[PDB]
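Trainee: As input, take structure_37.cif (mmCIF, C-alpha atoms and all ligand atoms):
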data_input
loop_
_atom_site.group_PDB
_atom_site.id
_atom_site.type_symbol
_atom_site.label_atom_id
_atom_site.label_comp_id
_atom_site.auth_asym_id
_atom_site.auth_seq_id
_atom_site.Cartn_x
_atom_site.Cartn_y
_atom_site.Cartn_z
ATOM 1 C CA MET S 1795 104.290 80.462 91.282
ATOM 2 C CA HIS S 1796 105.679 79.967 94.783
ATOM 3 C CA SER S 1797 107.354 83.353 94.283
ATOM 4 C CA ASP S 1798 104.059 84.819 93.014
ATOM 5 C CA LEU S 1799 102.045 83.474 95.939
ATOM 6 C CA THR S 1800 104.639 84.411 98.574
ATOM 7 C CA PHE S 1801 104.263 88.048 97.517
ATOM 8 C CA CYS S 1802 100.453 87.712 97.564
ATOM 9 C CA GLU S 1803 100.525 86.524 101.191
ATOM 10 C CA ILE S 1804 102.761 89.438 102.220
ATOM 11 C CA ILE S 1805 100.629 92.093 100.571
ATOM 12 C CA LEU S 1806 97.316 90.645 101.791
ATOM 13 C CA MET S 1807 98.661 90.381 105.337
ATOM 14 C CA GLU S 1808 99.680 94.033 105.068
ATOM 15 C CA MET S 1809 96.284 95.095 103.749
ATOM 16 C CA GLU S 1810 94.382 93.109 106.401
ATOM 17 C CA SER S 1811 96.300 94.881 109.183
ATOM 18 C CA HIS S 1812 96.050 98.390 107.675
ATOM 19 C CA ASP S 1813 94.094 101.074 109.599
ATOM 20 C CA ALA S 1814 92.072 101.887 106.450
ATOM 21 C CA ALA S 1815 91.132 98.233 105.820
ATOM 22 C CA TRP S 1816 88.013 98.231 107.995
ATOM 23 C CA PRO S 1817 85.492 98.563 105.081
ATOM 24 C CA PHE S 1818 87.012 95.606 103.237
ATOM 25 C CA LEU S 1819 87.633 92.872 105.828
ATOM 26 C CA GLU S 1820 84.183 91.290 105.345
ATOM 27 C CA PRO S 1821 81.654 91.209 102.475
ATOM 28 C CA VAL S 1822 79.121 94.014 102.295
ATOM 29 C CA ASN S 1823 75.755 92.744 103.526
ATOM 30 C CA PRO S 1824 73.364 93.802 100.727
ATOM 31 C CA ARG S 1825 70.354 93.515 103.064
ATOM 32 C CA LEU S 1826 71.822 96.476 104.970
ATOM 33 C CA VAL S 1827 72.923 98.606 101.999
ATOM 34 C CA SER S 1828 70.184 99.889 99.720
ATOM 35 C CA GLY S 1829 71.128 99.473 96.068
ATOM 36 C CA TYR S 1830 74.298 97.422 96.565
ATOM 37 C CA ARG S 1831 73.103 94.250 94.854
ATOM 38 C CA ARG S 1832 71.667 96.209 91.920
ATOM 39 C CA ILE S 1833 74.867 98.226 91.339
ATOM 40 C CA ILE S 1834 77.801 95.946 92.298
ATOM 41 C CA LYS S 1835 77.754 92.872 90.020
ATOM 42 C CA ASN S 1836 80.918 91.182 91.406
ATOM 43 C CA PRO S 1837 81.421 91.915 95.106
ATOM 44 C CA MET S 1838 84.875 91.316 96.525
ATOM 45 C CA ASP S 1839 86.571 91.784 99.889
ATOM 46 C CA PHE S 1840 89.746 90.789 101.725
ATOM 47 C CA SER S 1841 88.288 87.792 103.579
ATOM 48 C CA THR S 1842 87.128 86.309 100.263
ATOM 49 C CA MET S 1843 90.656 86.791 98.885
ATOM 50 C CA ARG S 1844 92.070 85.263 102.069
ATOM 51 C CA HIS S 1845 89.701 82.295 101.736
ATOM 52 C CA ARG S 1846 90.647 81.827 98.082
ATOM 53 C CA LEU S 1847 94.366 81.929 98.905
ATOM 54 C CA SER S 1848 93.834 79.340 101.672
ATOM 55 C CA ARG S 1849 92.155 76.814 99.362
ATOM 56 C CA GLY S 1850 94.832 77.329 96.694
ATOM 57 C CA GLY S 1851 92.440 79.109 94.293
ATOM 58 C CA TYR S 1852 95.000 81.585 92.878
ATOM 59 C CA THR S 1853 97.251 80.301 90.076
ATOM 60 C CA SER S 1854 99.199 83.504 89.344
ATOM 61 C CA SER S 1855 99.720 86.824 91.064
ATOM 62 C CA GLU S 1856 97.822 88.549 88.232
ATOM 63 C CA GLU S 1857 94.652 86.715 89.301
ATOM 64 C CA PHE S 1858 95.249 87.969 92.851
ATOM 65 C CA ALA S 1859 95.703 91.560 91.651
ATOM 66 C CA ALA S 1860 92.454 91.412 89.663
ATOM 67 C CA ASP S 1861 90.580 90.600 92.887
ATOM 68 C CA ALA S 1862 92.347 93.329 94.878
ATOM 69 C CA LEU S 1863 91.601 95.890 92.164
ATOM 70 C CA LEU S 1864 87.982 94.711 92.057
ATOM 71 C CA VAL S 1865 87.645 95.664 95.747
ATOM 72 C CA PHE S 1866 88.687 99.236 94.974
ATOM 73 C CA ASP S 1867 86.740 99.498 91.698
ATOM 74 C CA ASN S 1868 83.578 98.405 93.554
ATOM 75 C CA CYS S 1869 84.413 100.914 96.288
ATOM 76 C CA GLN S 1870 84.747 103.829 93.858
ATOM 77 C CA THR S 1871 81.648 102.724 91.949
ATOM 78 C CA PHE S 1872 79.340 102.731 94.964
ATOM 79 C CA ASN S 1873 80.837 105.256 97.407
ATOM 80 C CA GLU S 1874 81.480 108.961 97.027
ATOM 81 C CA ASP S 1875 85.160 109.913 97.005
ATOM 82 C CA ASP S 1876 84.479 112.060 100.090
ATOM 83 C CA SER S 1877 82.506 109.414 101.987
ATOM 84 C CA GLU S 1878 84.055 107.593 104.930
ATOM 85 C CA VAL S 1879 84.260 104.330 102.967
ATOM 86 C CA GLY S 1880 85.422 106.116 99.817
ATOM 87 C CA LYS S 1881 88.242 107.898 101.639
ATOM 88 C CA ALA S 1882 89.394 104.630 103.202
ATOM 89 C CA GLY S 1883 89.274 102.918 99.806
ATOM 90 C CA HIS S 1884 91.565 105.481 98.214
ATOM 91 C CA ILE S 1885 94.111 104.968 101.002
ATOM 92 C CA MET S 1886 93.970 101.187 100.538
ATOM 93 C CA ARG S 1887 94.075 101.438 96.739
ATOM 94 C CA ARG S 1888 97.139 103.687 96.749
ATOM 95 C CA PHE S 1889 98.790 101.347 99.279
ATOM 96 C CA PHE S 1890 98.153 98.271 97.105
ATOM 97 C CA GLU S 1891 99.166 99.910 93.820
ATOM 98 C CA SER S 1892 102.411 101.281 95.246
ATOM 99 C CA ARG S 1893 103.224 98.027 97.044
ATOM 100 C CA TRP S 1894 102.468 95.898 93.973
ATOM 101 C CA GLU S 1895 104.793 98.163 91.967
ATOM 102 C CA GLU S 1896 107.811 97.961 94.266
ATOM 103 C CA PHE S 1897 107.628 94.194 93.677
ATOM 104 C CA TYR S 1898 106.886 93.991 89.924
HETATM 105 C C1 LIG S 1901 78.945 101.630 104.013
HETATM 106 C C2 LIG S 1901 78.928 100.130 103.751
HETATM 107 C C3 LIG S 1901 80.265 99.543 103.185
HETATM 108 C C4 LIG S 1901 81.201 98.939 103.994
HETATM 109 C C5 LIG S 1901 81.185 98.788 105.563
HETATM 110 O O1 LIG S 1901 80.806 99.691 106.241
HETATM 111 N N1 LIG S 1901 81.713 97.537 106.193
HETATM 112 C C6 LIG S 1901 82.191 96.378 105.454
HETATM 113 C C7 LIG S 1901 81.374 95.139 105.846
HETATM 114 N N2 LIG S 1901 81.594 94.832 107.245
HETATM 115 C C8 LIG S 1901 81.249 95.927 108.111
HETATM 116 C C9 LIG S 1901 81.783 97.293 107.649
HETATM 117 N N3 LIG S 1901 82.225 98.522 103.219
HETATM 118 C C10 LIG S 1901 81.990 98.792 101.934
HETATM 119 C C11 LIG S 1901 82.977 98.418 100.814
HETATM 120 C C12 LIG S 1901 80.751 99.439 101.862
HETATM 121 C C13 LIG S 1901 80.116 99.900 100.539
HETATM 122 C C14 LIG S 1901 78.621 100.227 100.444
HETATM 123 O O2 LIG S 1901 80.781 99.985 99.545
HETATM 124 MG MG MG S 1902 100.354 104.678 89.168
#
With the file now loaded, output its structure as structure tokens.
Ligand SMILES: CCc1c(C(=O)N2CCNCC2)[nH]c(C)c1C(C)=O
Ligand SMILES: [Mg+2]
Mentor:
Amino acid sequence: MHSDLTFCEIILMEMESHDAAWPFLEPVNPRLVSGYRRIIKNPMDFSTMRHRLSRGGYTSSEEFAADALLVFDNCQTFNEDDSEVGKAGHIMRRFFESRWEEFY
């Protein structure tokens, strides 16, 4: 588990500092985004994952991956692939997938 969570801290650090991370560093404000609340049932973002890691809320690295993948599933559900947020989400999703795979 210490091995699991060490990897999680590395990959989240790397995602938080990525150029394409800007749509995911804070929760979407649904008051500012028409339709977000109706369409996205389980919002997720990097600061929520950071907060959860800080309070010890992740037991395994599979839990952590489920949150990361939820970020990018939400992104592809709500944003067009050719939108600014959609393009950034594909960059971040490919980064995470490839980085997760050269560990496990
Ligand atoms: C276009 C709105 C949007 C942002 C976004 O612009 N920001 C993230 C929140 N903090 C400020 C910047 N991020 C996402 C994942 C979305 C949507 C609708 O999926
Ligand atoms: Mg693949």
Trainee: So that I can check the surroundings of residue 1862 in chain S, please list as a PDB file with C-alpha atoms, in the frame of the given file every protein, DNA and RNA residue that reaches within 8 Å of it, counting all atoms listed in the file and ignoring chain neighbours fewer than 5 positions away.
Mentor:
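This went into around-v1.pdb:
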ATOM      1  CA  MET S1838      84.875  91.316  96.525  1.00  0.00           C
ATOM      2  CA  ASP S1839      86.571  91.784  99.889  1.00  0.00           C
ATOM      3  CA  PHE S1840      89.746  90.789 101.725  1.00  0.00           C
ATOM      4  CA  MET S1843      90.656  86.791  98.885  1.00  0.00           C
ATOM      5  CA  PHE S1890      98.153  98.271  97.105  1.00  0.00           C
TER       6      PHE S1890
END
Trainee: Might you pull out every residue within 12 Å of range 1801-1816 of chain S, with only C-alpha atoms counted and same-chain residues fewer than 3 positions away left off, and present them as a ChimeraX atom specification?
Mentor: /S:1795-1798,1819-1822,1839-1848,1850,1852-1862,1865-1866,1869,1878-1898
Trainee: Please indicate the distance in Å from CA of residue 1849 in chain S to atom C11 of ligand LIG 1901 (chain S), rounded to one decimal place.
Mentor: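 Separation of CA of residue 1849 in chain S and atom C11 of ligand LIG 1901 (chain S): 23.5 Å.
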Trainee: Please report the interatomic distance between CA of residue 1832 in chain S and CA of residue 1876 in chain S in Å with one decimal.
Mentor: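 CA of residue 1832 in chain S sits 22.0 Å away from CA of residue 1876 in chain S.
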Trainee: Just checking: using only C-alpha atoms and all ligand atoms, which residue out of S:1799, S:1851, S:1837, S:1872 ends up closest to ligand LIG 1901 (chain S)?
Mentor: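 Among S:1799, S:1851, S:1837, S:1872, it is S:1872 that comes nearest to ligand LIG 1901 (chain S).
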Trainee: Running the PyMOL selection byres (((chain S and resi 1833) around 12) and not hetatm) on this model by hand, what would come out? Give it as a PDB file with C-alpha atoms, in the frame of the given file.
Mentor:
ATOM      1  CA  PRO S1824      73.364  93.802 100.727  1.00  0.00           C
ATOM      2  CA  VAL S1827      72.923  98.606 101.999  1.00  0.00           C
ATOM      3  CA  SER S1828      70.184  99.889  99.720  1.00  0.00           C
ATOM      4  CA  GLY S1829      71.128  99.473  96.068  1.00  0.00           C
ATOM      5  CA  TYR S1830      74.298  97.422  96.565  1.00  0.00           C
ATOM      6  CA  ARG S1831      73.103  94.250  94.854  1.00  0.00           C
ATOM      7  CA  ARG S1832      71.667  96.209  91.920  1.00  0.00           C
ATOM      8  CA  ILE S1834      77.801  95.946  92.298  1.00  0.00           C
ATOM      9  CA  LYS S1835      77.754  92.872  90.020  1.00  0.00           C
ATOM     10  CA  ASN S1836      80.918  91.182  91.406  1.00  0.00           C
ATOM     11  CA  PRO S1837      81.421  91.915  95.106  1.00  0.00           C
ATOM     12  CA  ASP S1867      86.740  99.498  91.698  1.00  0.00           C
ATOM     13  CA  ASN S1868      83.578  98.405  93.554  1.00  0.00           C
ATOM     14  CA  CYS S1869      84.413 100.914  96.288  1.00  0.00           C
ATOM     15  CA  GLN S1870      84.747 103.829  93.858  1.00  0.00           C
ATOM     16  CA  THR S1871      81.648 102.724  91.949  1.00  0.00           C
ATOM     17  CA  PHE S1872      79.340 102.731  94.964  1.00  0.00           C
ATOM     18  CA  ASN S1873      80.837 105.256  97.407  1.00  0.00           C
TER      19      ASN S1873
END
Trainee: With 8 Å added on each side, what axis-aligned box encloses every listed atom of range 1867-1872 of chain S? Give the centre and edge lengths in Å to one decimal, as AutoDock Vina command-line options.
Mentor:
--center_x 83.0 --center_y 101.1 --center_z 94.0 --size_x 23.4 --size_y 21.4 --size_z 20.6
Trainee: Tell me, in Å to one decimal, how far CA of residue 1825 in chain S is from CA of residue 1864 in chain S.
Mentor: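 Answer for the CA of residue 1825 in chain S to CA of residue 1864 in chain S separation: 20.8 Å.
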